[PDB]
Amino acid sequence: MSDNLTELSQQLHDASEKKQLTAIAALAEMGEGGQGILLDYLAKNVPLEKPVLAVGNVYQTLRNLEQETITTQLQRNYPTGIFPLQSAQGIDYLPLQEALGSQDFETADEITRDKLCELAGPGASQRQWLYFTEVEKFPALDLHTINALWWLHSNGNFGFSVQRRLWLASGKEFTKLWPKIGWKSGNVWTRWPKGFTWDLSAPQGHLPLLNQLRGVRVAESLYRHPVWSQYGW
């Protein structure tokens, strides 16, 4: 509370992402004055056009206070969250957003799987799992919405985009990817659901899950999908 609100506000409004993040964390611990600065920043930046990590971090930091008035104000002003909930198939992404805004990552993971089957159409909806060719033909827009929500509500630590970047970093070697994202530990495949880490202590890329029971083809088709380069992920 001895921190300088004028200077922290300026740090948030400057263009350095790394300095924005430290300012946001400090401001959120500075009562009405700091929280008011954060609320004004949201008001000036929402709805997003492109995903902006700092804006997601402001929203989620404020939600995570779990204080009545701020929660009420965020829900009234941003009833669908901070990012347009767009779909090439008219799908409803609000339940996914709500789970993510509550930091209920396990529910969000379950919803994401249901939505991908819905997106793939009647065959996938009935069998409740995907073929790699269905993934290849997903519309980019829906994948962008889904990924943006995961990324914005996890400080950039979750999302298929995050997994893709780690997969590229590993030379596209899936056997190196699994330990990096916590899906295998040496010889031990992480058991679903109890072995997974349903919070932000999880490794980067841990969520959303892609079951490996039917092999890696779905994951590879997802990571190679044109959406990522199209939207700058």
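Take the two forms, superpose them, and find the largest set of C-alpha atoms that agree within 1.5 Å; that set is the rigid core. Position 1 is the first residue in the sequence shown; the rest follow in order.
In 5 other deposited structures of this protein, superposed on the rigid core, the segment with the larger root-mean-square CA displacement between 110-118 and 123-131 is 123-131. Once the rigid core is used to overlay the structures in 5 other deposited structures of this protein, the stretch among 58-66 and 193-201 whose CA atoms lie farther from this form is 193-201. Of the other entries compared for this protein that flank it with modelled residues, all give atoms for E220, so not even a third lack it. Among the other PDB entries of this protein that were compared and that flank it with modelled residues, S16 is left unmodelled in a third or more. Comparing 152-160 with 119-127, the higher mean C-alpha B-factor in the PDB entry belongs to 119-127. Within the group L200, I37, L62, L207, the record's highest C-alpha temperature factor is found at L200. In the deposited entry, the Cα temperature factor of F174 sits in the top third of values across the chain's modelled residues. Compared with the other modelled residues of the chain, the Cα B-factor recorded for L42 ranks in the highest third. When all modelled residues of the chain are sorted by CA temperature factor, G56 is found within the lowest third. Among the modelled residues of the chain, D114 sits in the highest third by CA temperature factor in this PDB entry. In the PDB entry, a CA B factor belonging to the middle third of its chain's modelled residues is recorded for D92.
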